[PDB]
Amino acid sequence: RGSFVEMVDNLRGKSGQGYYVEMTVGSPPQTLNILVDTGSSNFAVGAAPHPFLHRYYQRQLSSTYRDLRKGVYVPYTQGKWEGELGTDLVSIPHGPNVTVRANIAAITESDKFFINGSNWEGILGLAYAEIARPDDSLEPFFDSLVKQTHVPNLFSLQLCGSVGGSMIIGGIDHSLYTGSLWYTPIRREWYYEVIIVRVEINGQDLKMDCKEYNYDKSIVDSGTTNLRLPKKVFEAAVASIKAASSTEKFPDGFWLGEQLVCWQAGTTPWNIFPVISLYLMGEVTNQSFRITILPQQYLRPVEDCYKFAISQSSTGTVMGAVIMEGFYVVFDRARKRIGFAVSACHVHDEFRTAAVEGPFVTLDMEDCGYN
Ligand SMILES: C[C@@]1(c2cccc(Nc3cccc4cc(Cl)cnc34)c2)COCC(N)=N1
Ligand code: NA
Ligand code: NA
């Protein structure tokens with residue numbers, strides 16, 4: 057409890073390609089790098105020699121593999137994969153010293169799923185059974201982990217924005245954050261759904277009906293890059309950010325994520341860009357707290380050229396890597412709550428820092444949830 061030195065800095069990645077952890081599947085153990093995803097609930101790994109893959113799960117080499125004789129087809133907005141379901145023994149070498157039997161989707165065919173040039177070969181869906189494919193009877197990895205061992209029912213993530233970080237399975241490491249954790253309820257166990265109750269750009273309340281912030285939901289998602297906002301809310305959001313940054317100028321394509329913007333090095337104009345504050349529903353009636361991020365988070369380096384990493388959504392709010400990179404995030408499943416604290420490793424400058432502050436008084440917070 058409070059210290060897990062063997063799990064610190066167990067995450068790796070490249071900018072724009074996500075955060076992965078080392079895992080092993082099978083007996084004898086086969087090592088794979090696996091993308092950490094709080095926004096889905098399947099453990100799925102490449103199992104055939106797709107050209108983009110450094111390696112893949114070879115079931116024939118595992119004595120502990122059990123076939124479930126069942127297939128799954130998983131289409132996403134743009135990409136898809138299909139696989140064969142089975143179970144096997146799974147470990148996390150820089151995680152707890154346990155081995156569990158978990159469901160695994162052996163990916164046999166995929167389209168626009170694997171990234172050319174990336175160093176990961178599968179995905180670890182850490183969300184709940186409700187959104188597992190093909191249905192909620194396929195037990196997610198973390199559920200199996202907790203069912204089968206003494207690992208406490210929680211994990212935490214420090215995403216450090230080339231990239232790195234920590235996944236603490238079964239606890240919290242207090243070295244990884246400053247100040248206090250502040251918790252928001254998980255509204256429902258499907259995605260890690262939360263409720264946003266107020267939004268400010270540089271102190272300026274958007275003053276929208278707070279229902280709009282969570283239309284049709286708001287989720288915390290390590291498998292998405294952007295801070296994604298409901299269209300109606302995005303429209304208000306950029307309008308205020310554009311106006312806040314009207315000092316200098318960039319094309320209108322930039323704000324729709326349709327083109328990059330560039331400055332010469334040593335001299336990105338950070339200060340003309342506003343901070344973004346999300347107030348989150350608190351643990352107590354009429355009580356909220358707020359988390360604050362920087363352009364460092366929402367203007368993402370591409371290789379000094381940057382993408383604007385806030386975008387509109389038809390799927391609700393998605394607090395992706397743009398948000399999580401400012402914070403140590405505690406997925407306290409046991410108490411159905413999400414904790415945020417200022418990350419010890421977050422990218423900032425000498426003028427502004429990421430912030431987690433409270434308590435604030437906010438009335439009618441339950442009206443903020445969409446139904
Ligand atoms: C299943 C699904 C999925 C499927 C495949 C890859 C990813 N993740 C990613 C890909 C490429 C770049 C990334 C950079 C970051 Cl920071 C984080 N995830 C990244 C996520 C669908 O999309 C949303 C979701 N939550 N999970
Ligand atoms: Na247990
Ligand atoms: Na601390």
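According to the authors' numbering, the stretch in the sequence shown is residues 57 to 217, 230 to 371, 379 to 446, in order.
Using N, Cα and C, we set each Cβ at its ideal position, and we do this for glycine too.
| Asked | Found |
| --- | --- |
| Would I264 pass as a contact of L362 if the rule is Cβ separation under 8 Å? | no |
| Taking 7 Å as the cut-off, does the CB of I179 come closer than this to any heavy atom belonging to ligand 1? | yes |
| Tell me which same chain residues have a C-beta within less than 8 Å of the C-beta of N354, skipping the five on either side of it? | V436, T437, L438, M440 |
| Would you check whether ligand 1 has a heavy atom nearer than 7 Å to the C-beta of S356? | no |
| How many Å lie between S59 and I237 at the Cα? | 11 Å |
| For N153, does the count of other Cβ atoms within 10 angstroms reach 16, so buried, or fall short, so exposed? | exposed |
| Excluding the 5 residues flanking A409 on each side, which residues of the same chain have their C-beta closer than 6 Å to its C-beta? | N209, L210 |
| Between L109 and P337, what straight-line distance do the alpha-carbon atoms span, to the nearest angstrom? | 38 Å |
| Please confirm whether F170 and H106 have their CB atoms less than 8 Å apart. | yes |
| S212 and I187: beta carbons closer than 8 Å? | no |
| Compute the distance between the beta-carbons of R412 and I254, then report whether it is under 8 Å. | yes |
| From the DSSP output, in three-state form, read off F415 for me. | strand |
| Classify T133: buried if its beta carbon has 16 or more other beta carbons within 10 angstroms, exposed otherwise. | exposed |
| Find out if the Cβ-Cβ distance for the pair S389, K299 is shorter than 8 Å. | yes |
| Roughly how many angstroms separate the alpha carbons of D65 and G173, rounded to a whole number? | 22 Å |
| With a threshold of 7 Å (Cβ to nearest heavy atom), would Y245 be considered close to ligand 3? | yes |
| By the three-class DSSP mapping on this structure, what secondary structure does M276 have? | coil |
| Does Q364 pass the burial test, meaning 16 or more other C-beta atoms within 10 Å, or should it be called exposed? | buried |
| Quick check on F426: buried or exposed, where buried means 16 or more other Cβ atoms within 10 Å of its Cβ? | exposed |
| By the 10 Å Cβ neighbour count, where 16 or more other Cβ atoms means buried, how is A103 classified, buried or exposed? | buried |
| Does any heavy atom of ligand 1 sit closer than 7 Å to the C-beta of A188? | no |
| Can you grab the Cα-Cα spacing for the pair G291 / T335, in whole Å? | 30 Å |
| In chain order, what residues of the same chain have a beta carbon less than 6 Å from the beta carbon of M79, not counting five sequence neighbours either side? | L88, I90, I148 |
| So is the beta-carbon of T155 under 7 Å away from any non-hydrogen atom of ligand 2? | no |
| When you compare only the Cα positions, how much space is there between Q204 and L274? | 46 Å |
| Which residues have their C-beta within less than 6 Å of a heavy atom of ligand 2, listed in chain order? | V202, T205, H206 |
| Per DSSP, which one or two residues make a beta bridge with residue 454? | Since the first residue of the chain shown is 57 and the last is 446, residue 454 is not available in this structure. |
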